[PDB]
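Below is one structure; the comments refer to it alone.
No lab work stands behind these numbers, since they all come straight from the coordinates. Heads up, the Cβs are rebuilt from the backbone with ideal geometry, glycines too, and the neighbour counts pull from every protein chain shown.
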Amino acid sequence: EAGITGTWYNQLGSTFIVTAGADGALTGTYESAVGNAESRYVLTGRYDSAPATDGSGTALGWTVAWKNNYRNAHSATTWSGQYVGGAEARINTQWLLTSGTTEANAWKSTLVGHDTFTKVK
Amino acid sequence: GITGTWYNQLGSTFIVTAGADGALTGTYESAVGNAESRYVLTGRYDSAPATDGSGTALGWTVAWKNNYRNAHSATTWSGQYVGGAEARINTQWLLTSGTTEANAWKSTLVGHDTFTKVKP
Amino acid sequence: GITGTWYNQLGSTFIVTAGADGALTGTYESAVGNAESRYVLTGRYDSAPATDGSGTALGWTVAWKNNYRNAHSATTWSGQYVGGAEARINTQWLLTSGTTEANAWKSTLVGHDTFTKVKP
Amino acid sequence: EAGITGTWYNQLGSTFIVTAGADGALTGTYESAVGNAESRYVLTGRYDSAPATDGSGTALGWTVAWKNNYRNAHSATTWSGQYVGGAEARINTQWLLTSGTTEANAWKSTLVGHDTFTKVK
Ligand SMILES: O=C(O)CCCC[C@@H]1SC[C@@H]2NC(=O)N[C@@H]21
Ligand SMILES: O=C(O)CCCC[C@@H]1SC[C@@H]2NC(=O)N[C@@H]21
Ligand SMILES: O=C(O)CCCC[C@@H]1SC[C@@H]2NC(=O)N[C@@H]21
Ligand SMILES: O=C(O)CCCC[C@@H]1SC[C@@H]2NC(=O)N[C@@H]21
C-alpha cells in the first residue's frame, strides 16, 4: 500500500504509476517503451492487502488494454507477480500480451515475458 | 457482449460488467483452489475492437482475499472475447503466490480457461 | 501408450516413439505457421509414473528447420499424458523466435495444445 | 554449435552441460539447484543449426524429465529460448514445468518461469 504506491520503471524503460487502495485496488497509468504504444494508458488491478508477514512477497496483478485517446493496438497485457518491499523495493512479474486475432490466427495471439520493476522517488 | 455471467471449464463463475470506455468490473468465484465465495475482479478491454473479424482483447485480475479466506495469491487472465451465437472468452492465466525470494522460481502457475455463458 | 500418431486441435500431426528409459523421438507436422512437412522432434517423459491416477509428465522440442523451410524458431511443449479409452496429451507450449536483443521482449508466444489419436 | 556446446550455469546455480550436433540436436545433462531433484538428469532438445546472421539469437529448446537413477519427481521441464553468441554468451529462456497430476488437479499442474544461462570454461 504505501509500499506499492508510487512510480516504477522496468528493464525496458517503461513507466508504471500506481496507487494501492486500502480495499486491494490498484489504479494508475502505464507508459510502454516498446511496442504499438504511445503516451499513457489506464491500468487497473488488485493486490493482497493483508499479506503474509513471514518474509514472503505481496501478490498482485494488473491489466492494461492498449487503447488510449491517441492509439489503439487491439491488445491487452496482464502482469502477475509479487511486490518485495524494503529499501530497494521490487515488483517481479510475468506477463501475457494477447492481441485480438481472427479465429484462424488465435494460436499466435499471446506473447509471454517477464518484467522487473524498480521503485523510484 | 462481454457484460454478463460466464462459466469456465472448471465450473467457476465470472460475473462482469464492461464499461463503455474499457473498464471490466465484477466478481469471480472459483470452483477449485484455496478459494470460497466471490472475489473482487477488475480489468480492461479494448472498447473499439477491429472490424475485420478479430476478437476483443481483454484481461483481468483477482487477488484471492475476501472476507472468508486469503490465499496470499493473485491470478491474471489475458485473452480475447469472440462474439457470435455462442460467445466465448478464451484466456491464458498466471497465478502468482507470494513467496520468499529463494522460492520465487516456483511462485507462478500457468494455465488456460475458456468461458461461455452456458450454466453448468 | 505414448507411442503413436497424435493430432491436436489445429490438425497438426505428432508422430512419436517413447523409449523404455524416457526418450521421446519423432516428427511433427504443423497445420499452421511458417512450417511445411515434417520436422524432427526430441523430448523426455517420466518412464515410471506414479500409480495413483496421475498423468505422465513429458515434454518435447521442435526447431523449425527442415529441408524445405527455416523459420528461425523453436517450440517446446510441456504437459502430461492421460491414458484411458480416449488417451490424451495435454500441453502448454512456448514458441521462441530468434530476435535481436531489443526485440527479445516479443520473442516468445505461449499457447496450449491437446492431442488425441483420433485422425481428423 | 561450438557456440552452444559447453557448460552453462543459471541464476539459481543450476548446471547445464550440452553438446550441439551438426544436425540440430542438443544432448547433455542438467543439475538443478532447486526442487525435487538431485544429481544429473538427461536432457535432449533441438536448435536452429542455420540461424540468421543478421544480429538475431539462435532459437533452441530442451526438455528434462525429472527421473534419474536416484530420484523421480514425476515432472518434466521444457526450456524455450535463444542463444546470444559472442564473448559473453548467454542463453535466455522461459520454461514450463509440468507435474503429473490427477485430472481434478490438472489446473495446477504447470509452473512457468525464466532462466538466464551464462557460459563457463
Ligand atoms: O504492442 C502492443 O500490442 C502494445 C504494447 C505492448 C508492450 C508490452 S507489455 C509487456 C512488455 N512490458 C512493457 O513494459 N512493454 C511490453
Ligand atoms: O489457490 C489459490 O491460490 C486461489 C484460487 C486459484 C484458482 C484458479 S485461478 C486460475 C484457475 N481458473 C479458475 O477458475 N480457478 C483456478
Ligand atoms: O511459425 C513458426 O515459427 C513455426 C511453426 C510454429 C507452429 C506452432 S508450434 C505451437 C502450435 N501448435 C502447432 O501444432 N502449431 C503451432
Ligand atoms: O521439482 C521438480 O519437479 C523438479 C525440479 C525442477 C526444477 C526447475 S526446472 C526450472 C527451474 N530452473 C532450474 O534450474 N531449476 C528449476
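Structure notes:
- Counted charge near residue A:119, where neighbours are those whose Cβ lies closer than 12 Å (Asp, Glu -1; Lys, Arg +1): +1
- With a Förster radius of 35 Å applied to the C-beta separation of residue A:105 and residue D:70, the computed FRET efficiency comes to 0.15.
- GNM flexibility winner over chain A from A:12, A:97, A:60 (Cα, springs under 10 Å): A:12
- C:2, C:15 arranged by Cβ crowding within 10 Å, fewest neighbours leading: C:15, C:2
- Cα-based shape type of the protein assembly as shown, given that a ≥ b ≥ c are square roots of the gyration tensor eigenvalues and the cut on a/c is 1.5: rounded
- The Cα center of the range A:1-52 and the Cα center of the range B:46-116 differ in position by 17 Å.
- A crude spin-label estimate for the pair residue C:119 and residue B:10, with each label 7 Å from Cα along the Cβ direction, gives 3.8 nm.
- Global form of chain D, assessed from the alpha-carbon gyration tensor, a/c cut-off 1.5: prolate
- With a Förster radius of 45 Å applied to the C-beta separation of residue B:25 and residue D:11, the computed FRET efficiency comes to 0.75.
- Most fluctuating residue given options A:34, A:18, A:42, as computed from a GNM of chain A linking Cα atoms under 10 Å: A:34
- When the Gaussian network model of chain A links Cα atoms closer than 10 Å, the mean-square fluctuations of A:65, A:104, A:25 top out at A:104.
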